[PDB]
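Report on the structure given below.
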Number of protein chains: 2
Amino acid sequence: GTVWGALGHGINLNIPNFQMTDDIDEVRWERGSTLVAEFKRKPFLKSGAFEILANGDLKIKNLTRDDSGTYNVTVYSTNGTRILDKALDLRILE
Amino acid sequence: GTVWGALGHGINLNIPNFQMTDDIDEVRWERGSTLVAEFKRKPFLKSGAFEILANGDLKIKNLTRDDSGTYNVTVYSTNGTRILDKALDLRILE
């Protein structure tokens with residue numbers, strides 16, 4: 001639909017016929033190629049072979065030769081300043 | 001710097017000398033160009049000119065000529081499914 005705003009004023013872009021429930025994982029707003037806002041509750045995970053622990057550690061459920069390599073962890077504070085950036089060379093014994 | 005795992009076993013990659021607090025906004029794990037896992041408590045916002053409301057709506061704080069256009073909202077359920085995709089053409093009167 002079409003919504004009207006006026007200069008100097010603010011406005012809320014209402015998600016039509018929709019209500020926020022505990023069954024919603026992500027709400028994403030974009031304007032063209034631009035990401036305006038996005039909310040996501042559960043963490044991103046590549047697959048079920050991985051998982052992130054409460055302390056921030058990466059759990060790799062079942063190791064295979066292809067899980068070896070350098071893994072980079074980066075932590076940002078609440079105002080998004082990068083307070084940590086480490087590399088862990090994961091070697092797998094065969 | 002070097003962590004050893006073995007085939008058929010799982011493993012936890014430990015963030016060294018780091019404790020998880022309510023003050024950290026995001027933890028990102030990558031392996032090369034692959035995003036493996038990521039946690040982010042706060043919502044993504046382009047700038048302070050915006051804010052995502054508790055109901056998923058997009059609030060544009062102060063309207064200017066450059067805020068006009070089509071805004072896409074997409075909502076995913078707790079399991080990645082897509083339950084909504086609406087387009088909203090915002091027009092600003094001067």
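In the structure tokens, chains take letters A, B, ... by order of appearance, with residues numbered from 1 within each chain and ligands from 1 in the order shown.
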Long-range neighbours of residue 15 of chain A as a PyMOL selection string, 12 Å cut-off, only C-alpha atoms, 5 positions minimum in chain: (chain A and resi 1+3+20+27-29) or (chain B and resi 52-59+71-75+84-88)
Resulting file, chosen residues, N, CA, C and O atoms, as a compact mmCIF listing (two decimals), in the first residue's frame:
# COMPACT_ATOMS: atom_id res chain seq x y z
N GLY A 1 0.82 -1.24 0.00
CA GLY A 1 0.00 0.00 0.00
C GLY A 1 0.84 1.26 0.00
O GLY A 1 2.07 1.21 -0.10
N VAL A 3 1.67 4.91 2.06
CA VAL A 3 1.61 5.62 3.33
C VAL A 3 2.18 7.03 3.13
O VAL A 3 3.15 7.22 2.39
N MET A 20 3.15 -9.27 16.48
CA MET A 20 4.38 -9.86 16.99
C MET A 20 4.15 -10.98 18.00
O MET A 20 3.54 -10.77 19.05
N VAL A 27 12.55 -9.79 11.85
CA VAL A 27 11.78 -8.74 11.21
C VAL A 27 12.85 -7.92 10.51
O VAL A 27 13.79 -7.44 11.15
N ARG A 28 12.71 -7.79 9.19
CA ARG A 28 13.68 -7.07 8.36
C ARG A 28 13.05 -5.98 7.50
O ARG A 28 12.07 -6.23 6.79
N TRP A 29 13.65 -4.80 7.56
CA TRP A 29 13.23 -3.63 6.80
C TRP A 29 14.35 -3.25 5.86
O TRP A 29 15.50 -3.15 6.28
N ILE B 52 13.55 0.10 15.48
CA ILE B 52 12.55 -0.94 15.27
C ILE B 52 11.75 -1.10 16.57
O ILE B 52 12.32 -1.24 17.65
N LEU B 53 10.43 -0.99 16.47
CA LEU B 53 9.58 -1.08 17.65
C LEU B 53 9.30 -2.50 18.09
O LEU B 53 9.50 -3.44 17.32
N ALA B 54 8.83 -2.66 19.33
CA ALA B 54 8.56 -3.99 19.88
C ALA B 54 7.56 -4.80 19.06
O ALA B 54 7.53 -6.02 19.17
N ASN B 55 6.78 -4.13 18.21
CA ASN B 55 5.81 -4.83 17.35
C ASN B 55 6.32 -5.07 15.93
O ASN B 55 5.58 -5.56 15.07
N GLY B 56 7.60 -4.76 15.70
CA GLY B 56 8.23 -4.95 14.41
C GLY B 56 8.16 -3.75 13.47
O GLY B 56 8.82 -3.74 12.45
N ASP B 57 7.36 -2.75 13.81
CA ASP B 57 7.19 -1.55 12.98
C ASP B 57 8.46 -0.70 12.86
O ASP B 57 9.30 -0.68 13.77
N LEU B 58 8.60 0.02 11.75
CA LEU B 58 9.76 0.87 11.52
C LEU B 58 9.43 2.31 11.81
O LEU B 58 8.56 2.90 11.19
N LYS B 59 10.13 2.88 12.77
CA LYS B 59 9.94 4.27 13.10
C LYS B 59 11.07 5.11 12.48
O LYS B 59 12.25 4.83 12.69
N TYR B 71 9.59 0.65 1.05
CA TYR B 71 10.20 -0.05 2.17
C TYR B 71 9.64 -1.46 2.24
O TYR B 71 8.45 -1.65 2.26
N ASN B 72 10.52 -2.45 2.20
CA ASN B 72 10.12 -3.85 2.25
C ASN B 72 10.27 -4.40 3.66
O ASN B 72 11.29 -4.16 4.32
N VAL B 73 9.26 -5.10 4.14
CA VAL B 73 9.33 -5.72 5.45
C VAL B 73 9.17 -7.21 5.19
O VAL B 73 8.41 -7.62 4.32
N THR B 74 10.00 -8.01 5.85
CA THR B 74 9.97 -9.47 5.70
C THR B 74 10.03 -10.03 7.12
O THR B 74 10.77 -9.51 7.95
N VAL B 75 9.22 -11.03 7.39
CA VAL B 75 9.16 -11.64 8.71
C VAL B 75 9.35 -13.14 8.55
O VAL B 75 8.79 -13.75 7.64
N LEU B 84 5.69 -13.50 5.96
CA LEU B 84 5.26 -12.20 5.49
C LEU B 84 6.30 -11.47 4.68
O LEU B 84 7.49 -11.58 4.94
N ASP B 85 5.82 -10.75 3.67
CA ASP B 85 6.67 -9.93 2.81
C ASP B 85 5.82 -8.84 2.19
O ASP B 85 5.18 -9.06 1.17
N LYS B 86 5.82 -7.68 2.83
CA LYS B 86 5.05 -6.53 2.38
C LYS B 86 5.91 -5.37 1.89
O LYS B 86 7.00 -5.12 2.39
N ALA B 87 5.39 -4.67 0.89
CA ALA B 87 6.05 -3.51 0.31
C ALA B 87 5.22 -2.29 0.70
O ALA B 87 3.99 -2.33 0.62
N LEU B 88 5.88 -1.23 1.16
CA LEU B 88 5.19 -0.01 1.55
C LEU B 88 5.84 1.19 0.92
O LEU B 88 6.98 1.55 1.22
Expected answer as a PyMOL selection string: chain A residues within 6 Å of chain B, only C-alpha atoms: chain A and resi 1-15+20+23-31+36-39+43-46+55+57-64+70-78+88-93
